[PDB]
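Residue numbers (mature numbering (1 follows the signal peptide of the UniProt record, and there is no 0)): 13 to 104. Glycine included, C-beta positions come from ideal geometry on N, C-alpha and C.
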């Protein structure tokens with residue numbers, strides 16, 4: 013996804029920075045599954061100070077949103093395992 017503005021690369025998530033923020037108290041590590049307000053999701057607590065829309069990894073999908081975590085097509089309300097991307101999907 014094209015860069016947002018001057019301060020790209022949003023706040024990672026999970027271990028080190030495998031994941032990142034996605035919407036509401038949520039996080040989705042593509043190579044790091046998805047956590048909504050979970051332990052590996054709290055990384056977004058730091059996003060409460062910097063709203064700055066930063067680069068995301070939401071590759072659209074017909075699963076009511078865009079791809080995200082281990083094959084996860086997230087929406088404005090929450091994420092779900094998208095067969096189109098990796099879990100409920102093929103042996104991806």
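Is the Cβ-Cβ distance between residue 44 and residue 35 less than 7 angstroms?
-> no
Option nearest residue 25 by Cα separation, candidates 54, 15, 17, 67 = 54
Note down the Cα distance separating residue 57 from residue 40, rounded to an integer number of angstroms.
-> 14 angstroms
Starting from the C-beta of residue 23, find all residues in its chain whose C-beta is less than 8 angstroms away, skip the five residues before and the five after it, and write them out in chain order.
-> 32, 33, 55, 56, 58, 59, 62, 66
What alpha helix (DSSP H) runs, 4 residues minimum, are completely inside the segment 40 to 80?
-> none
Within 10 angstroms of the Cβ of residue 98, are there 16 or more other Cβ atoms? Answer buried if so, exposed if not.
-> buried
Classify residue 24 as helix, strand or coil using the three-state DSSP reduction.
-> strand
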